[PDB]
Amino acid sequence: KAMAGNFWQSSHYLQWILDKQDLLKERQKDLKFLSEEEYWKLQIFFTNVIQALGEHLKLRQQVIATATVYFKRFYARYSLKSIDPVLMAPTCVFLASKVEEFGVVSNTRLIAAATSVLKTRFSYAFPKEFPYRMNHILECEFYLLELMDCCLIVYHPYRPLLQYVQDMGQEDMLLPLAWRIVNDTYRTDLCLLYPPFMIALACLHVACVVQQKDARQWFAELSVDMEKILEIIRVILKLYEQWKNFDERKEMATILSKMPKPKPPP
């Protein structure tokens, strides 16, 4: 609820809506090792790790989403070789959990969650157990906060989506499907490139198309750039074709070995 109406003067909007061409220029560092295709498969993979960590810890979706955005912001600026993403994922959950006020994730419960999720749900990708102890989380935490320029409040599409479906008066029919599409958009770069309400709007439109709901005049009655909303729809429709043609479980061991490795100290 805190800062709900301050988006247009927020640190999210003023620093962390990136230019697409700047994003891909910094990405070229890792594209010497990975293909563009392999790079998004890695992005999809680690969005699922962070999601699994969140479910295990019983965190609400918005906390999980702030965590995912911390992870995306870090690797948008820096190489995959800089900090092991296996360390960064639980660090992002840890920090995100601490920004919200209702409850705290303890040290032993964080480490036990990382250990258990990787062994039980991700043993296709990881043969060895989670090797990092809590002091590795605490050290990584300092670098993460510092790289994000202490920007912790993150706006998500869930809140505007709820307001839009309530406005249509079709909460029962459309909200479960549309909410699930917002979840899926975190598999892409969309949260680094568009304001949350536009992502919300694109997800609602796709929900209406799938369920054959005619919301043409309701969408016309909005005052917003539709061309940009169309750009998001195309990213969402392409993500489902990516999903179809991608066997995460069969491919991700090989792709994680192609990742550039952190150089040790000589």
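Counting begins at 1, following the sequence as shown. Rigid core: the largest C-alpha set superposing within 1.5 Å between the two forms.
Q: Consider 101-109 and 167-175 separately and indicate which one has Cα atoms farther, on average, from the shown form in 8 other deposited structures of this protein after rigid core alignment.
A: Larger mean C-alpha displacement, comparing 101-109 and 167-175 in 8 other deposited structures of this protein, is found in 101-109.
Q: Could you check the entry and say whether 157-165 or 98-106 has the higher mean CA B-factor?
A: Result of the comparison: 98-106.
Q: As stated in the PDB record, which stretch has the larger average Cα B-factor, 245-253 or 21-29?
A: Per the deposited B-factors, the answer is 21-29.
Q: Just the C-alpha B-factor column, please: which of 141, 184, 171, 84 has the biggest number?
A: Of the options given, 171 has the highest CA B-factor in the PDB entry.
Q: Return the residue from 179, 126, 194, 71 that has the highest Cα B-factor in the entry.
A: Highest C-alpha B-factor among the listed options: 126.
Q: In terms of the chain's CA B-factor thirds, is residue 229 lowest, middle or highest?
A: Its C-alpha B-factor, which the entry lists for residue 229, ranks in the middle third among residues of this chain.
Q: Can you tell me whether residue 45 has a C-alpha B-factor in the lowest, middle or highest third compared with the other modelled residues of the same chain?
A: Within its chain, residue 45 is a lowest-third residue by C-alpha B-factor, going by the deposited values.
Q: When the deposited Cα B-factors of this chain's modelled residues are ordered and cut into thirds, is residue 211 in the lowest, the middle or the highest one?
A: Highest third, going by the recorded CA B-factors of the chain.
Q: Please place residue 61 in the lowest, middle or highest third of its chain according to the CA B-factor in the PDB entry.
A: Tercile = middle for this residue's CA B-factor.
Q: C-alpha B factor of residue 240, ranked within the chain: lowest, middle or highest third?
A: Bottom third by C-alpha B-factor.
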